[PDB]
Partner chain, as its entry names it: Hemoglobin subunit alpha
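Below you will find one chain, with nothing else, as structure tokens; this is the form solved without the partner chain, and questions on how it binds or moves follow later.
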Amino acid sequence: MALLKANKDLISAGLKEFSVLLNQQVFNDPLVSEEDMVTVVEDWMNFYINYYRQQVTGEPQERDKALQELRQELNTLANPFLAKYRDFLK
């Protein structure tokens, strides 16, 4: 797996941020619909990616390769979240 120390070190920070942030969720009094929640997950990652991209380092392709993977992490991170909500409520 092609993952530099500094490159992977950046994604690791965001990876844990999503896990911890998700832990805050209680799932009991969610007023927001499942549809409106979808757009939130997308915008949520867009905000994080914009921050990290503003603090990268390496090479043109390296930074692009490291940031490109950030999507995979957040992409799947949604799998458990969506499965939980969909399983808990409609």
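Residue numbers count along the first chain shown, from 1.
What follows is about the form solved in complex with the partner chain, which we do not show.
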Taking the partner chain as it sits in the deposited complex, is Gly58 in contact with it (heavy atom to heavy atom, 4.5 Å or less)?
no
Close approach of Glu73 to the partner chain in the deposited complex, 4.5 Å, heavy atom:
no
Just checking whether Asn79 would be counted as a contact of the partner chain in the deposited complex - the rule being heavy atoms within 4.5 angstroms.
no
With heavy atoms only and a cut-off of 4.5 Å, decide whether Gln68 touches the partner chain in the deposited complex.
no
Residues of stretch 16 to 35 in contact with the partner chain in the deposited complex (4.5 Å, non-hydrogen atom)
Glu17, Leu21, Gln24, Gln25, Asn28, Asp29, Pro30, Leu31, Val32
